[PDB]
$ cat target18.txt   # compact mmCIF, C-alpha atoms
# COMPACT_ATOMS: atom_id res chain seq x y z
CA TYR I 343 86.37 55.38 114.13
CA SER I 344 89.50 57.53 113.89
CA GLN I 345 88.33 59.21 110.67
CA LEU I 346 85.72 61.36 112.45
CA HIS I 347 85.53 64.06 115.09
CA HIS I 348 83.39 62.65 117.89
CA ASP I 349 81.49 65.63 119.25
CA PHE I 350 78.02 64.06 119.25
CA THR I 351 78.73 60.61 120.70
CA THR I 352 81.07 61.24 123.66
CA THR I 353 80.78 63.45 126.75
CA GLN I 354 77.47 65.12 126.01
CA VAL I 355 75.97 67.89 128.09
CA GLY I 356 73.89 66.02 130.64
CA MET I 357 76.34 63.16 131.11
CA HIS I 358 77.83 64.30 134.42
CA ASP I 359 74.46 64.58 136.16
CA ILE I 360 73.85 60.90 135.43
CA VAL I 361 77.17 59.94 137.04
CA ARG I 362 76.37 62.25 139.96
CA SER I 363 73.07 60.39 140.31
CA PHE I 364 74.89 57.07 140.67
CA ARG I 365 76.88 58.64 143.50
CA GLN I 366 73.73 59.59 145.41
CA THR I 367 72.33 56.05 145.16
CA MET I 368 75.59 54.78 146.67
CA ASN I 369 75.31 57.34 149.47
CA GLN I 370 72.32 55.61 151.05
CA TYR I 371 74.67 52.74 151.93
CA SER I 372 77.79 54.69 152.94
CA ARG I 373 76.40 56.42 156.04
CA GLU I 374 77.39 53.98 158.77
CA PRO I 375 81.05 54.64 159.67
CA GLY I 376 83.55 52.16 158.32
CA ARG I 377 81.37 51.15 155.34
CA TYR I 378 81.92 53.93 152.84
CA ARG I 379 81.23 52.86 149.25
CA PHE I 380 84.00 53.73 146.81
CA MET I 381 83.22 54.93 143.29
CA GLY I 382 85.87 55.10 140.61
CA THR I 383 85.70 55.69 136.88
CA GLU I 384 88.02 54.97 133.98
CA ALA I 385 89.81 57.94 132.45
CA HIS I 386 89.40 59.46 129.01
CA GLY I 387 92.35 58.28 126.95
CA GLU I 388 92.69 61.52 124.98
CA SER I 389 92.24 64.32 127.53
CA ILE I 390 93.46 64.86 131.08
CA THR I 391 91.41 67.99 131.80
CA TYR A 343 74.04 83.91 112.60
CA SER A 344 71.11 81.77 111.46
CA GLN A 345 73.14 80.14 108.67
CA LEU A 346 75.16 77.96 111.08
CA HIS A 347 74.61 75.21 113.62
CA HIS A 348 75.87 76.57 116.93
CA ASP A 349 77.32 73.57 118.71
CA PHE A 350 80.65 75.13 119.71
CA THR A 351 79.55 78.57 120.96
CA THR A 352 76.48 77.89 123.14
CA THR A 353 75.91 75.63 126.15
CA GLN A 354 79.29 73.97 126.34
CA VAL A 355 80.15 71.17 128.71
CA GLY A 356 81.43 72.99 131.77
CA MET A 357 78.95 75.85 131.58
CA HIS A 358 76.60 74.66 134.32
CA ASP A 359 79.34 74.35 136.93
CA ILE A 360 80.13 78.04 136.46
CA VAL A 361 76.49 78.98 137.09
CA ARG A 362 76.44 76.62 140.08
CA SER A 363 79.51 78.47 141.37
CA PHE A 364 77.65 81.79 141.26
CA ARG A 365 74.96 80.18 143.39
CA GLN A 366 77.45 79.20 146.10
CA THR A 367 78.85 82.73 146.29
CA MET A 368 75.30 83.99 146.86
CA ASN A 369 74.79 81.38 149.58
CA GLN A 370 77.21 83.08 151.96
CA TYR A 371 74.71 85.95 152.19
CA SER A 372 71.43 83.99 152.26
CA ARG A 373 71.91 82.21 155.60
CA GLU A 374 70.18 84.61 157.98
CA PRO A 375 66.43 83.94 157.81
CA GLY A 376 64.40 86.45 155.85
CA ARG A 377 67.31 87.50 153.62
CA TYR A 378 67.50 84.76 151.02
CA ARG A 379 69.16 85.88 147.79
CA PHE A 380 67.19 85.05 144.65
CA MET A 381 68.92 83.90 141.48
CA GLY A 382 67.12 83.78 138.16
CA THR A 383 68.33 83.25 134.62
CA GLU A 384 66.91 84.02 131.20
CA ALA A 385 65.63 81.08 129.19
CA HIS A 386 66.98 79.61 125.97
CA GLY A 387 64.72 80.82 123.18
CA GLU A 388 64.96 77.62 121.15
CA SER A 389 64.69 74.78 123.68
CA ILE A 390 62.52 74.18 126.74
CA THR A 391 64.29 71.04 127.96
$ encode --input "target18.txt" --output "structure tokens"
Amino acid sequence: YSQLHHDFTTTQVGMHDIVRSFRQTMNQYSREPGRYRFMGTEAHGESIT
Amino acid sequence: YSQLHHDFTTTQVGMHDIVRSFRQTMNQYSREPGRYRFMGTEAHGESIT
């Protein structure tokens, strides 16, 4: 896996609108006060930006 | 220009959040009714999706 540059298999263009769609589904349950639904993701090992 | 595959010079990852930032700047002026500010872009010649 380390012998290639992975520009076509990781972080494609429309990837962030799928993750933003998961956040909207979890917003239908986080409206009542005191029951906010947390959403966290794991970080990219290679980049911090 | 047609002898290359343009994957590093067109439609990069963070491009749509810049265009969505232009839309927020134009929202400070489109609040009063009857003075909505229109925003249109030119289409990609090659793709429709």
$ interface_residues --input "target18.txt" --of "chain I" --to "chain A" --cutoff "12 Å" --atoms "all atoms listed in the file" --output "ChimeraX atom specification"
/I:349-350,352-359,391
$ write_last_selection --input "target18.txt" --atoms "C-alpha atoms" --output "mmCIF file, in the coordinates of the input"
data_model
loop_
_atom_site.group_PDB
_atom_site.id
_atom_site.type_symbol
_atom_site.label_atom_id
_atom_site.label_comp_id
_atom_site.auth_asym_id
_atom_site.auth_seq_id
_atom_site.Cartn_x
_atom_site.Cartn_y
_atom_site.Cartn_z
ATOM 1 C CA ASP I 349 81.490 65.630 119.250
ATOM 2 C CA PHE I 350 78.020 64.060 119.250
ATOM 3 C CA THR I 352 81.070 61.240 123.660
ATOM 4 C CA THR I 353 80.780 63.450 126.750
ATOM 5 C CA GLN I 354 77.470 65.120 126.010
ATOM 6 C CA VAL I 355 75.970 67.890 128.090
ATOM 7 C CA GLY I 356 73.890 66.020 130.640
ATOM 8 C CA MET I 357 76.340 63.160 131.110
ATOM 9 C CA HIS I 358 77.830 64.300 134.420
ATOM 10 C CA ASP I 359 74.460 64.580 136.160
ATOM 11 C CA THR I 391 91.410 67.990 131.800
#
$ calpha_fit_and_write --input "target18.txt" --fixed "chain I" --moving "chain A" --output "PDB file with C-alpha atoms, in the coordinates of the input"
ATOM      1  CA  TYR A 343      86.373  55.379 114.136  1.00  0.00           C
ATOM      2  CA  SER A 344      89.500  57.529 113.894  1.00  0.00           C
ATOM      3  CA  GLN A 345      88.328  59.206 110.673  1.00  0.00           C
ATOM      4  CA  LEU A 346      85.710  61.354 112.455  1.00  0.00           C
ATOM      5  CA  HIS A 347      85.522  64.063 115.089  1.00  0.00           C
ATOM      6  CA  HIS A 348      83.390  62.656 117.894  1.00  0.00           C
ATOM      7  CA  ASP A 349      81.494  65.631 119.243  1.00  0.00           C
ATOM      8  CA  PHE A 350      78.021  64.064 119.249  1.00  0.00           C
ATOM      9  CA  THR A 351      78.735  60.603 120.704  1.00  0.00           C
ATOM     10  CA  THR A 352      81.072  61.242 123.665  1.00  0.00           C
ATOM     11  CA  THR A 353      80.773  63.455 126.749  1.00  0.00           C
ATOM     12  CA  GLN A 354      77.471  65.120 126.012  1.00  0.00           C
ATOM     13  CA  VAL A 355      75.977  67.885 128.089  1.00  0.00           C
ATOM     14  CA  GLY A 356      73.897  66.021 130.642  1.00  0.00           C
ATOM     15  CA  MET A 357      76.337  63.159 131.109  1.00  0.00           C
ATOM     16  CA  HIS A 358      77.825  64.302 134.414  1.00  0.00           C
ATOM     17  CA  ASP A 359      74.464  64.578 136.159  1.00  0.00           C
ATOM     18  CA  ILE A 360      73.845  60.897 135.430  1.00  0.00           C
ATOM     19  CA  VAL A 361      77.166  59.940 137.038  1.00  0.00           C
ATOM     20  CA  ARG A 362      76.373  62.254 139.959  1.00  0.00           C
ATOM     21  CA  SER A 363      73.069  60.391 140.311  1.00  0.00           C
ATOM     22  CA  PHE A 364      74.892  57.069 140.674  1.00  0.00           C
ATOM     23  CA  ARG A 365      76.876  58.640 143.495  1.00  0.00           C
ATOM     24  CA  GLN A 366      73.726  59.584 145.416  1.00  0.00           C
ATOM     25  CA  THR A 367      72.336  56.055 145.153  1.00  0.00           C
ATOM     26  CA  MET A 368      75.588  54.778 146.674  1.00  0.00           C
ATOM     27  CA  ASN A 369      75.312  57.346 149.467  1.00  0.00           C
ATOM     28  CA  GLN A 370      72.327  55.615 151.050  1.00  0.00           C
ATOM     29  CA  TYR A 371      74.669  52.736 151.925  1.00  0.00           C
ATOM     30  CA  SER A 372      77.795  54.687 152.939  1.00  0.00           C
ATOM     31  CA  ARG A 373      76.396  56.417 156.039  1.00  0.00           C
ATOM     32  CA  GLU A 374      77.397  53.977 158.771  1.00  0.00           C
ATOM     33  CA  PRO A 375      81.044  54.641 159.666  1.00  0.00           C
ATOM     34  CA  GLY A 376      83.546  52.157 158.313  1.00  0.00           C
ATOM     35  CA  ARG A 377      81.378  51.148 155.343  1.00  0.00           C
ATOM     36  CA  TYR A 378      81.916  53.928 152.835  1.00  0.00           C
ATOM     37  CA  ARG A 379      81.227  52.861 149.254  1.00  0.00           C
ATOM     38  CA  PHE A 380      83.995  53.734 146.802  1.00  0.00           C
ATOM     39  CA  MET A 381      83.217  54.936 143.293  1.00  0.00           C
ATOM     40  CA  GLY A 382      85.873  55.103 140.611  1.00  0.00           C
ATOM     41  CA  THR A 383      85.700  55.690 136.882  1.00  0.00           C
ATOM     42  CA  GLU A 384      88.021  54.969 133.984  1.00  0.00           C
ATOM     43  CA  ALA A 385      89.805  57.936 132.457  1.00  0.00           C
ATOM     44  CA  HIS A 386      89.406  59.458 129.011  1.00  0.00           C
ATOM     45  CA  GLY A 387      92.358  58.286 126.945  1.00  0.00           C
ATOM     46  CA  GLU A 388      92.688  61.517 124.978  1.00  0.00           C
ATOM     47  CA  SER A 389      92.234  64.317 127.526  1.00  0.00           C
ATOM     48  CA  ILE A 390      93.461  64.866 131.080  1.00  0.00           C
ATOM     49  CA  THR A 391      91.414  67.991 131.804  1.00  0.00           C
TER      50      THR A 391
END
$ atom_distance --input "target18.txt" --atom1 "atom CA of residue 348 of chain A" --atom2 "atom CA of residue 386 of chain A"
13.0 Å
$ atom_distance --input "target18.txt" --atom1 "atom CA of residue 367 of chain A" --atom2 "atom CA of residue 373 of chain I"
28.2 Å
$ atom_distance --input "target18.txt" --atom1 "atom CA of residue 362 of chain A" --atom2 "atom CA of residue 369 of chain I"
21.5 Å
$ residues_near_point --input "target18.txt" --point "(72.9, 84.8, 140.9)" --cutoff "6 Å" --atoms "only C-alpha atoms" --output "list in words"
residues 364, 365 and 381 of chain A
$ residues_around --input "target18.txt" --residues "residue 379 of chain A" --least-positions-apart "3" --cutoff "9 Å" --atoms "all atoms listed in the file" --output "ChimeraX atom specification"
/A:368-369,371-372
